[PDB]
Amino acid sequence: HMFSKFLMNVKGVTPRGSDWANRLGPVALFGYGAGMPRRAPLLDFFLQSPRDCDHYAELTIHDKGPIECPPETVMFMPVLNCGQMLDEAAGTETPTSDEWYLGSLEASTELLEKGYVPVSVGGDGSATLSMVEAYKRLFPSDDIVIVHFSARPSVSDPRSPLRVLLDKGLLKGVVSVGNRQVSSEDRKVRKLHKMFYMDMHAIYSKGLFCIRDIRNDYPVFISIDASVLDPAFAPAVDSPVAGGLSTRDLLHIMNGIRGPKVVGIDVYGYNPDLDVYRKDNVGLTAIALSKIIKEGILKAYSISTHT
């Protein structure tokens, strides 16, 4: 409804240039706000952040096409900024969770068929559900695995984005990283669906930096909940749980993610009303998530299935 301006802009996105096949990318970036306050400054804060990555590459942000492939010598990575989905000036009505879903499912379908890798910033994680279904519908043959970073397994509620994808059998497998609050009900669902998981204490006690190897052949959807970070690095989350990952811990682990291609990326769990602020009113979580998004984009451009 007030996604309409955002939706029509994605509809007219110039399709993948014919030199982007046999090539990872390009990356399509947009803002997602489901379950979060209307004022969502994370996407804009990212666009303001420096574009030099941890690895020796640089993001190139374009508000509109044409998005064309550069030489692999200069190593630039084009990002098409599709902006916020919610037109914050088109009204005061709050979109229902079903409206967020439909709008997200439509934007993902469009960006994927156009040949872009969709990267959603913000929201409560419901975006994961919509753009995984969008890929599965467009490519029913492909097997999808989800690498999910969170403090919680988030598969307790049958209406959870991860739980819905599992019950509908759209996922080949699930990799849960950094859980540190696991209920018995979570364990039952983990057993039933046979999920692979590495809880926080397990990662720590077995060399946190000693994570590099093991081969994965299936296209990967990367779902990142901000709560996977320790509250000292990411306070702006609902019901924080201490003893989590550092920002550098998270970057290292996600750098070791293997696969033939990235299905999509979801960064979420961020609430500006819960953040810790510097005296100049900049939030800690925004700073942390800004670099996570960047290295997520780089991963979408450089992911390999085995080394």
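A residue's number is simply how far along the shown sequence it sits, counting from 1.
Inset, instruction - Going by the average Cα B-factor in the PDB entry, point out whether 170 to 178 or 82 to 90 comes out higher. - result: The recorded data point to 82 to 90.
Legend entry - Of 224 to 232 and 71 to 79, the one with larger mean CA B-factor: Mean B over CA atoms: larger for 71 to 79.
Legend entry - Options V237, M131, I146, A151 - largest CA temperature factor per the record: If I rank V237, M131, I146, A151 by C-alpha B-factor, first place goes to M131.
Legend entry - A300, C-alpha B-factor rank within chain (lowest, middle or highest third): It falls in the middle third of the chain.
Legend entry - Chain third (lowest, middle, highest) by recorded CA B-factor, residue given as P37: It falls in the middle third of the chain.
Inset, instruction - Please place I203 in the lowest, middle or highest third of its chain by C-alpha B factor as given in the entry. - result: Bottom third by C-alpha B-factor.
Legend entry - Third assignment of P140 from its chain's C-alpha B-factors: Top third by C-alpha B-factor.
Legend entry - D275, C-alpha B-factor rank within chain (lowest, middle or highest third): Lowest third, going by the recorded CA B-factors of the chain.
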